[PDB]
Amino acid sequence: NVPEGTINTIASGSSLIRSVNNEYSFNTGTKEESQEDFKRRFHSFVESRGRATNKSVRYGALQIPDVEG
Amino acid sequence: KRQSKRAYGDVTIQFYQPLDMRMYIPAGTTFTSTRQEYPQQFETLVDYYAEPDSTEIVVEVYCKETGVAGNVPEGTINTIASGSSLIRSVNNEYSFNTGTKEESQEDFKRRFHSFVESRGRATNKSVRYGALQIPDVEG
Amino acid sequence: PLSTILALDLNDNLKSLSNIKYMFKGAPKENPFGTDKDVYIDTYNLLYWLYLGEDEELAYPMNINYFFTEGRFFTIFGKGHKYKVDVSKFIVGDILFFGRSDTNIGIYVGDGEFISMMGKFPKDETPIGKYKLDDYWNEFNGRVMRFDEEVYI
Amino acid sequence: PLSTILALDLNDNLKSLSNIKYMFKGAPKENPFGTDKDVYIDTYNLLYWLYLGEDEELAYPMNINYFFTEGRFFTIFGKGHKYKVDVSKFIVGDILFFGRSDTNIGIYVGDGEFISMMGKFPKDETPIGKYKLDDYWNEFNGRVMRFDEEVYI
Amino acid sequence: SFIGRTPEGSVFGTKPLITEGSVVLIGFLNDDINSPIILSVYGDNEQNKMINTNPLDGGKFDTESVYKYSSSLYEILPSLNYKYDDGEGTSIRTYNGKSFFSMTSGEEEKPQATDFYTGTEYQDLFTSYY
Amino acid sequence: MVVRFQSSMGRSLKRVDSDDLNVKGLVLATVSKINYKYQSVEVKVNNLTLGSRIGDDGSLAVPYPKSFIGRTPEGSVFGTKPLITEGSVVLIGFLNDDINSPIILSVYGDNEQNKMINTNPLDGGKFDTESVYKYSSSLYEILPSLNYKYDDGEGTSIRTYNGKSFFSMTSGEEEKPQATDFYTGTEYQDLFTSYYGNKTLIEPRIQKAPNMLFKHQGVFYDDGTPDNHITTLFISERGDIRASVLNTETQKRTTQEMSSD
Amino acid sequence: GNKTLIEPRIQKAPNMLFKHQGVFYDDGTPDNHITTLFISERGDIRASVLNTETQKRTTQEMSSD
Amino acid sequence: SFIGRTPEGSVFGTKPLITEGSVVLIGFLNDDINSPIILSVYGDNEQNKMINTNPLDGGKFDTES
Amino acid sequence: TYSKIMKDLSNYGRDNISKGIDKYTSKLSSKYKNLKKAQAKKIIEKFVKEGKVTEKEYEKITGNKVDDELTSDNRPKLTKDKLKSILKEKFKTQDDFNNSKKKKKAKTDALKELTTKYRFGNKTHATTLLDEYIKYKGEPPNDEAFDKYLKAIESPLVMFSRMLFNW
Amino acid sequence: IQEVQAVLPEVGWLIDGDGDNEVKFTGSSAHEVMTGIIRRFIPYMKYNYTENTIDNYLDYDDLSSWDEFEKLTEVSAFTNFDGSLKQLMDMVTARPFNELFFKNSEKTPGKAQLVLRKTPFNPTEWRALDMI
Amino acid sequence: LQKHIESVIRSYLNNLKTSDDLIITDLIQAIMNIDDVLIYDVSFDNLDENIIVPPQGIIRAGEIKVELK
């Protein structure tokens, strides 16, 4: 989770490249999930066994690790 | 049975600009690729000369390896050895589709049948076998 | 902002300023806006007269050497680079340069257009007008500047 | 050969062509041979008119750039070398160049002589003539060419 | 730059300008000390940055647009009046005072070598700036 | 023996050490990228690139030779910026025979390129010969623009500009056509210096006609009064000639004008 | 340097000229305007403007006398 | 002095004058004999003294005179 | 190929072609071997100066049938008797063999039309037939001469490296 | 390799030093650079072991150096002409500021280890070494 | 893929013996042999009927234009 405008160079020849920058910060970088987060995920999974439900679709869409919101 | 035939074809050369003066390609120039699927090498057998005011030149190549591996698809041979800076790109316009493995069992069996049927001379089959026995002629 | 308001006023009054004509280095002593008679003025003198109406004075004839050391401007984009995607980031009132040797300049207006005088060199009779940036994008040269009055003197 | 026959005909008719005069870059539109009136023609146009009488056409005005790329000639001896013993090996009809910058040319004839126009630069009135090669051997420059019609087109 | 003698016997050559305080590369004969020869003269990065008018930070020389600025034989005499040549038709020479000689062909570059009214000013030329 | 297993190289036994790391002599390389702002290039080895550090152009780069550079007593800096070309071969000499510290000594062209940019037809001969002096002594140079400049030991001297326009001078009557003005004048193709070595014309890059002018002016003089006298020798693309003398402060002018017609 | 005059190699007078011409321009019409500033060895000066296609010329000539 | 090729393809460069009998510095490639390259050309002291018109024996370059 | 030549010039444009006419000329020559360097050099010069090229300019540079488009898709194959028939017209009288001046004109016309107006064309192969045809006065002992043209047209570095590896 | 072009038809690589065999290693510390250097060539150095290659036997982990004082590097692969990896390893080490040597893995008996650490002459680092 | 199909068809036209009709079934089975699943169907406009070749005729030349549906 570097600040904005942290990446400056490609660390290569960069013959056809002048400079490189990022307009947005990095937020996906996170540490290991805590016990409370795992408990909430397991409660959602238990309540998600009944398909065709909004709470079930929540877990179905949340099963991918990258998705947060 | 007769042995296999080395694959051969045509390779196109593209230069950045037309040559101002005549250039000589050394004999035995090696043409290869970079894809891992087709690492087979190629080499020229005769001399070639690049005359001035010519933006491209085509020279025949032969596959050193005796097998069907020389029947590469389009846009496979994209490397040249001992190439000057004038060369801009290397590409083959058409796939070879000429390399072959050893002689097929069915073809050998059919030719043997022609020979056995051609033992009795002075007939159509005898003349057929006598004409077909030369490796160069076909059909 | 002062520059944006002046640019908007010029755009609104652009049709009514047909009296002003184009010349290579026209430096008349008469204000074009304070006279109905036609007068030949170039882009630099046009900008000088536009900014002289307010309290700001600047200097005369306001040639290319004005931007180098007077400190009235700070560069936004340097010369030598030319990006067509970053054009939208510009704002009205920015000065647009043209030519390989700073032959002519212009004032940027929204909708991807600019205000300048274009015509044949030997004292064309064409009046001031507005032109699309697409055809003149080739001779843009990448140089962009902006005004600042609060901190100066 | 065509060139040898043309050179022999020119040598035979050399005395009768006094009407042709010398000029630096004379390019008249009238054929000298088809008119009794005097006309100013230089060596290049003279060669063009001589070769135009037959089926061959060549091109006009047939300047020095003609020999570079048209392919009508193949060099016999290159520029930069000058051997007096190898002159005998030449044959009639060969084109002889003169000057350090290809100022003038000539046609070789036997007995160590050549046919060309020589005179003062500002439009001399001297007619065409034949001169010994001994005095002009200094400005020979070594360049020699030859014609070929069978393979061309 | 070059030096020699003619067949008649007269000597000819050049005397390139020499400057005090400049950095010069040296190569010893046979790698033996106490025998220096100057190979060439190299300027500081600041000095090189000051005596060039190319605004481009980089790019391949083969590009047409880069050729306009990259191809510029820009040289300054010991006198501050300079001489300028370019791949394009622009070519500027200067003398004492604001007097100068210029030539160009493109209509866009017409003001660089014009004579309308009083003519182009010396300040208008972009090559006249460090 | 057991202790002999160390770093070694060559058929004869030699102790490989930091000396082998040092590069002995000079090496060649090709120009791949040029920092135009600092005019410092980065050269490519056959499988390596020298320079090209994190610093863009300024902090680290390979210098280039200069004709001359210095500073005046007043303080103003002067020098030269010789032309730099991509893909050219440049000789390199490392400082103290230590790698990762290149300096370009000079630029050397290919044999084909040298053969193309010379007009000398002689294969060889001693320079002292009078006839060879005519062709050997030729300071033939080509600008980045295809229009070239030419000088010679003889009186011939040719300069070219945009289009087919050119300037020439000569004294010998034999070379009179090279710099004549009879009828329409000598053509650009007639000059032998206008052709490459391999029987090819030297096409100008820009075919549009130029427009020349000789503007003369000053500031002051020993009399102390200000200088206000302006004169020009403008020439238009259409063939017009205008010689004028001006005095801007007094608002006076006298002009001698020639029209294209 | 050693108190010796720099003799010119060639003592014959030169003949200068400034020939100006082109091919085309932004208007698109062909360029046919030829002008010269020829100077002869005898001291003559000739400034001329020509238009070869239209067969017109205007010359300002100065003789050696 | 400089050599290269334009984007169009035409080659450009220079042909500096070459003189017989001159002294030239040579640097072998990789310190390997039988591979010379000329670095520059240096004249004799007498030749340099002959082709200069500066009468000063010495002095700092920063002096105005 | 007048339309294609004009289209190629219009594609690059006069501004681009004006920079490097000599080398842009080679591009047209490389694509079409029918045009030599001189032929393609002159047409581009006329194109840039005038701004356009008409049929009069194209034919003036070289004699060609500009008003002929059928050859683009298909053209006669010159199968056997076509060669015999066309050669009869060119050599209609016996004085052509004796008079070598008109013989050069006649053979050039035949080669010009034969290679361009038919699918198969060649110079050296056709020249050999003409030489045999001229020598036999157009009546060779066998008819193979007419069909002869138709049937004719449809290390030290390595050694040292190899042996060094072997050792 | 002197005479390999490796071109493509109307296709190129944006990053320079491509097509040729040039390889660039970048990192802000010795352990970052050394990991890239070893990892580049170790897995392809195959042998006829019945069970694996040098990577399994050699840990080459737990490497450290003066990260704070060392800036980003662009050490080239071909810094030494036809040199061994040991010669290129010496340049990365930057001796005597870092010590490199091969020794038995006390923490993991039965296999070797490659050590690349800052020199123990520092006071705290001197105390870190086990005493015998 | 279009260039590969064109080259395959042109090669099939070559290496053909004399005095055999231009059979289309063998042509479609040969071109379909490249990939049974990827290639779905092949059709022809004018040469649906087999062309009978004389004893002295050989079918070698021919221009191939691919018109994908």
# chains A, B, ... in the order shown; residues from 1 in each chain; ligands from 1
$ residues_around --residues "range 9-11 of chain G" --least-positions-apart "4" --cutoff "9 Å" --atoms "only C-alpha atoms" --output "list in words"
residues 153, 154, 155 and 171 of chain F
$ interface_residues --of "chain B" --to "chain K" --cutoff "8 Å" --atoms "only C-alpha atoms" --output "ChimeraX atom specification"
/B:73-74,94-95,97,138-139
$ residues_around --residues "range 23-39 of chain H" --least-positions-apart "6" --cutoff "6 Å" --atoms "only C-alpha atoms" --output "list in words"
residues 24, 25, 26 and 27 of chain F
$ residues_around --residues "range 74-76 of chain C" --least-positions-apart "3" --cutoff "7 Å" --atoms "only C-alpha atoms" --output "VMD selection string"
chain C and resid 144 to 146
$ interface_residues --of "chain I" --to "chain H" --cutoff "12 Å" --atoms "only C-alpha atoms" --output "number ranges by chain"
I: 16-27
$ write_last_selection --atoms "N, CA, C and O atoms" --output "mmCIF file, in the first residue's frame"
data_model
loop_
_atom_site.group_PDB
_atom_site.id
_atom_site.type_symbol
_atom_site.label_atom_id
_atom_site.label_comp_id
_atom_site.auth_asym_id
_atom_site.auth_seq_id
_atom_site.Cartn_x
_atom_site.Cartn_y
_atom_site.Cartn_z
ATOM 1 N N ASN I 16 5.456 13.792 -48.503
ATOM 2 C CA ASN I 16 6.311 12.682 -48.093
ATOM 3 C C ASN I 16 7.236 12.251 -49.224
ATOM 4 O O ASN I 16 8.409 11.939 -48.989
ATOM 5 N N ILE I 17 6.725 12.227 -50.457
ATOM 6 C CA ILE I 17 7.534 11.789 -51.589
ATOM 7 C C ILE I 17 8.664 12.774 -51.859
ATOM 8 O O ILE I 17 9.759 12.371 -52.271
ATOM 9 N N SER I 18 8.421 14.072 -51.645
ATOM 10 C CA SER I 18 9.439 15.079 -51.936
ATOM 11 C C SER I 18 10.699 14.867 -51.110
ATOM 12 O O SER I 18 11.802 15.189 -51.569
ATOM 13 N N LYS I 19 10.564 14.329 -49.900
ATOM 14 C CA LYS I 19 11.709 14.013 -49.049
ATOM 15 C C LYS I 19 12.171 12.600 -49.386
ATOM 16 O O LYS I 19 11.580 11.617 -48.933
ATOM 17 N N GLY I 20 13.229 12.501 -50.188
ATOM 18 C CA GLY I 20 13.788 11.215 -50.559
ATOM 19 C C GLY I 20 13.204 10.644 -51.834
ATOM 20 O O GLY I 20 12.759 9.493 -51.854
ATOM 21 N N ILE I 21 13.204 11.437 -52.909
ATOM 22 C CA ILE I 21 12.634 10.974 -54.173
ATOM 23 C C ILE I 21 13.424 9.788 -54.717
ATOM 24 O O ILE I 21 12.856 8.874 -55.327
ATOM 25 N N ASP I 22 14.742 9.783 -54.509
ATOM 26 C CA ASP I 22 15.576 8.712 -55.045
ATOM 27 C C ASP I 22 15.240 7.370 -54.408
ATOM 28 O O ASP I 22 15.179 6.346 -55.097
ATOM 29 N N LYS I 23 15.020 7.353 -53.092
ATOM 30 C CA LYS I 23 14.748 6.107 -52.386
ATOM 31 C C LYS I 23 13.274 5.730 -52.396
ATOM 32 O O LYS I 23 12.951 4.537 -52.436
ATOM 33 N N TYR I 24 12.369 6.710 -52.359
ATOM 34 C CA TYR I 24 10.963 6.398 -52.592
ATOM 35 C C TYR I 24 10.738 5.908 -54.017
ATOM 36 O O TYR I 24 9.799 5.145 -54.268
ATOM 37 N N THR I 25 11.584 6.336 -54.957
ATOM 38 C CA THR I 25 11.525 5.796 -56.310
ATOM 39 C C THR I 25 11.847 4.307 -56.317
ATOM 40 O O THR I 25 11.231 3.533 -57.058
ATOM 41 N N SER I 26 12.818 3.889 -55.500
ATOM 42 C CA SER I 26 13.179 2.476 -55.436
ATOM 43 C C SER I 26 12.026 1.624 -54.923
ATOM 44 O O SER I 26 11.930 0.441 -55.268
ATOM 45 N N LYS I 27 11.152 2.198 -54.092
ATOM 46 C CA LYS I 27 10.004 1.448 -53.596
ATOM 47 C C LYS I 27 9.081 1.039 -54.737
ATOM 48 O O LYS I 27 8.618 -0.106 -54.792
#
$ atom_distance --atom1 "CA of residue 92 in chain C" --atom2 "CA of residue 4 in chain C"
5.6 Å
$ atom_distance --atom1 "CA of residue 20 in chain G" --atom2 "CA of residue 236 in chain F"
10.0 Å
$ interface_residues --of "chain J" --to "chain B" --cutoff "10 Å" --atoms "only C-alpha atoms" --output "ChimeraX atom specification"
/J:2-11,19
